[PDB]
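First comes one chain, alone, set out as C-alpha coordinates in the form deposited in one PDB entry.
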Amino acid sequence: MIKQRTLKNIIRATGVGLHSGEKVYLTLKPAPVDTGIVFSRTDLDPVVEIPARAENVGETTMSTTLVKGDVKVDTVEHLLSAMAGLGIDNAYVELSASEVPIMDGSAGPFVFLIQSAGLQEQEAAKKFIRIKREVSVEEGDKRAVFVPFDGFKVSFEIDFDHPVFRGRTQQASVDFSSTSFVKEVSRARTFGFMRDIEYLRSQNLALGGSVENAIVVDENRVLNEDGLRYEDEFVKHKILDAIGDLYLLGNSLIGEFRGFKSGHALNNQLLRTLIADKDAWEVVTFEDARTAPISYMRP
(Lines give C-alpha, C1' and ligand atoms only; values in the text may rest on other atoms or scores of the structure.)
Protein backbone atom coordinates (compact mmCIF):
# COMPACT_ATOMS: atom_id res chain seq x y z
CA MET A 1 0.00 0.00 0.00
CA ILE A 2 0.93 3.71 -0.04
CA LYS A 3 1.83 4.13 3.66
CA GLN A 4 1.52 7.14 5.98
CA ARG A 5 4.89 8.80 6.69
CA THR A 6 6.53 10.54 9.64
CA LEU A 7 10.12 11.55 10.47
CA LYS A 8 12.75 8.82 11.17
CA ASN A 9 14.64 11.21 13.57
CA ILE A 10 14.10 14.52 15.49
CA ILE A 11 15.25 17.53 13.30
CA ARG A 12 16.23 20.95 14.76
CA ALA A 13 16.73 24.34 13.06
CA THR A 14 17.09 28.02 14.11
CA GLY A 15 15.92 31.11 12.25
CA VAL A 16 13.71 34.20 12.38
CA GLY A 17 10.08 34.93 11.51
CA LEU A 18 9.66 36.68 8.10
CA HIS A 19 6.80 38.84 9.52
CA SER A 20 7.72 39.07 13.28
CA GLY A 21 11.58 39.17 12.88
CA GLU A 22 11.62 37.07 16.14
CA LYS A 23 14.38 34.43 16.56
CA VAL A 24 12.74 30.97 16.83
CA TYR A 25 13.90 27.36 17.46
CA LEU A 26 12.12 24.79 15.26
CA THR A 27 11.93 21.07 16.19
CA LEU A 28 10.37 18.41 13.92
CA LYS A 29 9.42 15.18 15.78
CA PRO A 30 7.84 11.88 14.68
CA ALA A 31 4.11 11.47 15.45
CA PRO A 32 1.85 8.39 15.38
CA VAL A 33 -0.55 7.39 12.51
CA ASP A 34 -3.55 9.73 11.93
CA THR A 35 -1.99 12.58 14.01
CA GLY A 36 -1.64 14.93 11.03
CA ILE A 37 0.79 17.91 11.37
CA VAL A 38 0.39 19.49 14.82
CA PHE A 39 2.24 22.70 15.73
CA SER A 40 3.24 23.23 19.40
CA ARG A 41 4.24 26.55 21.09
CA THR A 42 6.86 25.23 23.57
CA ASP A 43 7.68 28.83 24.82
CA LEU A 44 4.18 28.94 26.45
CA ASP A 45 3.35 27.32 29.83
CA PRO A 46 1.37 25.21 29.53
CA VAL A 47 2.45 24.26 25.97
CA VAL A 48 -0.31 24.94 23.36
CA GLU A 49 -0.84 22.54 20.39
CA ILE A 50 -2.63 23.70 17.17
CA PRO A 51 -3.35 21.07 14.53
CA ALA A 52 -2.55 22.16 10.92
CA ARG A 53 -6.20 21.92 9.76
CA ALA A 54 -8.26 24.41 7.67
CA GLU A 55 -10.62 25.10 10.65
CA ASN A 56 -7.63 26.50 12.70
CA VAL A 57 -6.61 29.15 10.11
CA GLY A 58 -7.39 32.50 11.83
CA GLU A 59 -5.56 35.13 9.69
CA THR A 60 -4.54 35.04 5.96
CA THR A 61 -3.08 38.58 5.44
CA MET A 62 0.40 37.82 3.99
CA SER A 63 0.76 34.21 5.24
CA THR A 64 -1.36 31.40 6.65
CA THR A 65 -1.71 31.84 10.47
CA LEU A 66 -2.97 29.04 12.75
CA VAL A 67 -4.87 30.53 15.74
CA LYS A 68 -6.25 28.99 18.96
CA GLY A 69 -7.70 31.91 20.98
CA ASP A 70 -4.83 34.44 21.44
CA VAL A 71 -2.14 31.82 20.52
CA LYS A 72 -0.80 32.19 16.92
CA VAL A 73 1.54 30.09 14.69
CA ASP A 74 2.29 32.33 11.70
CA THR A 75 3.58 31.50 8.20
CA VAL A 76 3.07 27.68 8.23
CA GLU A 77 2.75 27.35 4.43
CA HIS A 78 6.44 26.93 3.36
CA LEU A 79 7.04 24.14 5.93
CA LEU A 80 3.67 22.46 5.06
CA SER A 81 4.60 22.73 1.33
CA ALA A 82 7.84 20.74 2.05
CA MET A 83 5.85 18.11 4.04
CA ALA A 84 3.23 17.78 1.26
CA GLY A 85 6.08 17.52 -1.25
CA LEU A 86 7.78 14.69 0.77
CA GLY A 87 4.47 12.92 1.75
CA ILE A 88 4.80 13.58 5.52
CA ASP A 89 1.36 12.84 7.10
CA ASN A 90 2.28 12.85 10.85
CA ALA A 91 4.64 15.25 12.69
CA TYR A 92 4.87 17.46 15.78
CA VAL A 93 6.36 20.87 14.90
CA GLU A 94 7.63 22.59 18.08
CA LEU A 95 8.34 26.37 17.93
CA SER A 96 9.78 28.64 20.66
CA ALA A 97 7.90 31.63 19.06
CA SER A 98 4.72 32.60 17.13
CA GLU A 99 6.21 32.18 13.61
CA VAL A 100 7.93 29.40 11.59
CA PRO A 101 11.47 30.49 10.63
CA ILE A 102 11.67 31.83 7.03
CA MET A 103 15.13 30.21 6.37
CA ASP A 104 16.14 31.25 2.75
CA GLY A 105 12.49 32.23 1.90
CA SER A 106 11.82 28.86 0.17
CA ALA A 107 11.00 25.19 1.06
CA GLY A 108 14.58 24.15 0.08
CA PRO A 109 16.04 24.17 3.62
CA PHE A 110 12.97 22.27 4.97
CA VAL A 111 13.10 19.49 2.28
CA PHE A 112 16.89 19.24 2.96
CA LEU A 113 16.45 19.00 6.79
CA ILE A 114 13.60 16.42 6.45
CA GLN A 115 15.47 14.23 3.84
CA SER A 116 18.62 14.46 6.04
CA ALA A 117 16.72 13.16 9.14
CA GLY A 118 14.96 10.64 6.81
CA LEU A 119 11.31 9.55 6.47
CA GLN A 120 9.61 6.67 8.33
CA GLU A 121 6.85 4.68 6.56
CA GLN A 122 4.12 3.78 9.12
CA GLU A 123 1.86 0.67 9.12
CA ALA A 124 -1.35 2.53 8.06
CA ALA A 125 -2.68 3.34 4.54
CA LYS A 126 -2.07 6.97 3.49
CA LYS A 127 -5.54 8.59 2.94
CA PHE A 128 -6.08 10.91 -0.05
CA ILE A 129 -8.95 13.30 -0.82
CA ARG A 130 -10.00 12.53 -4.46
CA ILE A 131 -11.85 15.41 -6.23
CA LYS A 132 -15.03 13.96 -7.84
CA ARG A 133 -16.55 17.27 -9.06
CA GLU A 134 -15.40 20.84 -9.73
CA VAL A 135 -15.29 23.12 -6.63
CA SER A 136 -14.44 26.79 -7.26
CA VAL A 137 -14.37 29.99 -5.16
CA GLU A 138 -14.04 33.48 -6.63
CA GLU A 139 -13.80 36.98 -5.15
CA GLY A 140 -13.33 39.92 -7.52
CA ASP A 141 -10.68 38.99 -10.14
CA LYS A 142 -9.23 36.11 -7.99
CA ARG A 143 -10.20 32.43 -8.43
CA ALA A 144 -9.16 29.10 -6.88
CA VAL A 145 -10.58 25.80 -8.21
CA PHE A 146 -10.30 22.03 -7.78
CA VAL A 147 -11.19 19.77 -10.75
CA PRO A 148 -11.11 15.98 -11.08
CA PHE A 149 -7.71 14.66 -12.21
CA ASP A 150 -6.18 11.16 -11.92
CA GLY A 151 -2.95 12.44 -10.24
CA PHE A 152 -1.86 15.75 -8.66
CA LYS A 153 -1.29 18.86 -10.76
CA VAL A 154 -1.08 22.60 -9.90
CA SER A 155 -1.64 25.45 -12.43
CA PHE A 156 -1.10 29.05 -11.34
CA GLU A 157 -1.27 32.54 -12.89
CA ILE A 158 -0.11 35.85 -11.32
CA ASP A 159 -0.40 39.27 -12.96
CA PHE A 160 1.84 42.08 -11.64
CA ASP A 161 2.13 45.32 -13.71
CA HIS A 162 5.74 45.90 -12.53
CA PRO A 163 8.71 46.24 -14.96
CA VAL A 164 10.51 43.29 -13.29
CA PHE A 165 7.41 41.10 -14.21
CA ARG A 166 7.13 42.45 -17.82
CA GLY A 167 7.84 39.67 -20.42
CA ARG A 168 8.55 37.27 -17.50
CA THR A 169 6.69 33.95 -17.09
CA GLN A 170 3.56 34.61 -14.93
CA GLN A 171 1.83 31.25 -15.54
CA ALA A 172 3.01 27.68 -14.84
CA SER A 173 1.58 24.12 -14.67
CA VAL A 174 3.37 21.37 -12.66
CA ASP A 175 2.20 17.73 -13.01
CA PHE A 176 3.82 15.85 -10.10
CA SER A 177 3.78 12.55 -12.14
CA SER A 178 6.34 14.14 -14.57
CA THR A 179 8.09 16.85 -12.40
CA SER A 180 10.07 16.90 -9.10
CA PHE A 181 8.51 19.07 -6.35
CA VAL A 182 12.09 19.26 -4.95
CA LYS A 183 13.90 20.25 -8.18
CA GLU A 184 11.23 22.56 -9.77
CA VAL A 185 9.21 24.06 -6.82
CA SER A 186 10.99 23.72 -3.39
CA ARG A 187 13.77 26.29 -4.05
CA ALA A 188 11.43 29.10 -5.32
CA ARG A 189 11.75 32.01 -2.80
CA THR A 190 9.35 34.52 -1.21
CA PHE A 191 9.48 37.90 -3.03
CA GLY A 192 8.75 41.43 -1.86
CA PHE A 193 8.78 45.00 -3.22
CA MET A 194 10.77 48.02 -1.89
CA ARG A 195 7.66 50.16 -2.66
CA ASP A 196 5.69 48.13 0.00
CA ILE A 197 8.14 47.74 2.93
CA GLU A 198 7.28 51.03 4.76
CA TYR A 199 3.53 50.13 4.83
CA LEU A 200 4.19 46.40 5.52
CA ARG A 201 6.41 47.16 8.57
CA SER A 202 3.65 49.53 9.92
CA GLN A 203 1.46 46.34 9.87
CA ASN A 204 4.09 44.08 11.66
CA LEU A 205 4.70 42.36 8.26
CA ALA A 206 8.16 41.54 6.77
CA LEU A 207 9.97 42.79 9.96
CA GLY A 208 12.49 39.88 9.44
CA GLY A 209 12.64 40.23 5.64
CA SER A 210 15.91 41.05 3.78
CA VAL A 211 17.80 39.92 0.62
CA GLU A 212 19.07 36.96 2.84
CA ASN A 213 15.54 35.38 2.93
CA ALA A 214 13.56 37.09 0.11
CA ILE A 215 13.80 38.32 -3.49
CA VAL A 216 13.62 42.15 -3.07
CA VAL A 217 12.34 44.01 -6.16
CA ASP A 218 12.97 47.77 -6.73
CA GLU A 219 11.61 50.12 -9.52
CA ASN A 220 13.40 48.20 -12.36
CA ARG A 221 15.50 45.30 -10.92
CA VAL A 222 15.92 42.46 -8.40
CA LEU A 223 18.30 43.84 -5.66
CA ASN A 224 19.67 40.37 -4.72
CA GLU A 225 23.28 40.42 -5.99
CA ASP A 226 22.96 36.76 -7.26
CA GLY A 227 19.56 37.28 -9.00
CA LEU A 228 16.93 34.54 -9.56
CA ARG A 229 17.11 30.73 -9.14
CA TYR A 230 14.45 30.38 -11.92
CA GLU A 231 13.28 32.80 -14.66
CA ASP A 232 9.75 31.87 -13.40
CA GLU A 233 10.70 31.98 -9.67
CA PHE A 234 7.78 34.31 -8.68
CA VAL A 235 4.99 32.05 -10.08
CA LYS A 236 6.87 28.91 -8.81
CA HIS A 237 6.77 30.44 -5.27
CA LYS A 238 2.97 31.01 -5.59
CA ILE A 239 2.70 27.27 -6.51
CA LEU A 240 4.84 26.45 -3.40
CA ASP A 241 2.52 28.67 -1.28
CA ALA A 242 -0.62 26.99 -2.79
CA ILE A 243 0.68 23.46 -2.04
CA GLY A 244 1.32 24.51 1.59
CA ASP A 245 -1.99 26.37 2.05
CA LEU A 246 -3.89 23.38 0.54
CA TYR A 247 -2.11 20.83 2.83
CA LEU A 248 -4.28 22.30 5.68
CA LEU A 249 -6.89 19.87 4.17
CA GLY A 250 -5.04 17.30 6.39
CA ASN A 251 -4.48 14.83 3.52
CA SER A 252 -2.88 14.76 0.06
CA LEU A 253 -5.08 15.48 -2.96
CA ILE A 254 -5.95 13.43 -6.06
CA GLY A 255 -7.04 16.17 -8.45
CA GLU A 256 -5.91 19.41 -10.04
CA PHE A 257 -5.75 22.88 -8.40
CA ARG A 258 -5.83 26.02 -10.57
CA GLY A 259 -5.08 29.41 -8.95
CA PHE A 260 -5.76 32.76 -10.68
CA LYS A 261 -4.14 35.50 -8.51
CA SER A 262 -5.33 33.44 -5.47
CA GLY A 263 -3.51 33.81 -2.13
CA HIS A 264 -3.73 32.48 1.44
CA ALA A 265 -7.28 33.84 2.04
CA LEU A 266 -8.96 32.37 -1.09
CA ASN A 267 -6.94 29.09 -0.81
CA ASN A 268 -8.37 28.65 2.74
CA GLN A 269 -11.90 29.58 1.44
CA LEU A 270 -11.53 26.85 -1.24
CA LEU A 271 -10.58 24.23 1.43
CA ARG A 272 -13.60 25.27 3.58
CA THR A 273 -15.99 25.14 0.57
CA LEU A 274 -14.55 21.70 -0.46
CA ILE A 275 -14.96 20.29 3.12
CA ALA A 276 -18.62 21.52 3.18
CA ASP A 277 -19.33 20.09 -0.35
CA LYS A 278 -19.02 16.33 0.58
CA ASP A 279 -20.52 15.11 -2.75
CA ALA A 280 -17.48 16.72 -4.51
CA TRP A 281 -14.86 14.39 -2.85
CA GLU A 282 -14.14 10.98 -1.28
CA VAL A 283 -11.30 9.48 0.78
CA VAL A 284 -9.31 6.86 -1.17
CA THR A 285 -6.35 4.66 -0.32
CA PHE A 286 -3.96 2.68 -2.58
CA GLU A 287 -3.36 -1.00 -1.64
CA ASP A 288 -0.49 -1.11 -4.26
CA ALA A 289 1.89 1.90 -4.46
CA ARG A 290 3.04 0.62 -7.94
CA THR A 291 -0.49 0.94 -9.50
CA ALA A 292 -1.37 4.33 -7.84
CA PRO A 293 -1.63 7.54 -9.92
CA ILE A 294 0.83 9.42 -7.56
CA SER A 295 4.25 8.28 -6.20
CA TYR A 296 6.50 9.54 -3.36
CA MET A 297 10.31 9.26 -3.18
CA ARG A 298 11.83 6.27 -1.32
CA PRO A 299 11.87 7.15 2.42
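In case it trips you up, residue 1 is the first one in the sequence shown, and so on. In this text, the rigid core denotes the largest set of C-alpha atoms whose superposition between the two forms falls within 1.5 Å.
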- prompt: On average, which has the higher Cα B-factor in the deposited entry, 164-172 or 92-100?
  reply: 164-172
task: Report the stretch with the higher mean CA temperature factor, choosing between 101-109 and 151-159 on the basis of the entry.
output: 151-159
task: By the entry's C-alpha temperature factors, tell me which of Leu228, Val76, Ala117, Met83 sits highest.
output: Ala117
query: Compared with the other modelled residues in the chain, in which third is the CA B-factor of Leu240?
result: lowest
statement: Chain thirds by Cα B factor, record data; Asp232 belongs to the lowest
Third of the chain's Cα B-factor distribution that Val283 belongs to, per the entry: middle
task: Tell me, lowest, middle or highest third: where does the Cα B factor of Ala276 rank within its chain?
output: middle
task: Sorting the chain's modelled residues by C-alpha B-factor, tell me whether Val67 ends up in the lowest, middle or highest third.
output: highest
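The protein also exists as the form deposited in another entry; that form is not presented, and the subsequent description refers to it.
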- prompt: When the rigid core of both forms is overlaid, which of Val182, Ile131, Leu205, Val137 is the one whose C-alpha moves 2 angstroms or more between the shown form and the other one?
  reply: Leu205
message: Once the core is superposed between the shown form and the other one, does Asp150 show a C-alpha displacement of at least 2 Å?
response: no
- request: Report the direction of the Cα distance change between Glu219 and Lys261 in that other deposited form, compared with the displayed form, as closer or farther; the change is 3 Å or more.
  value: closer
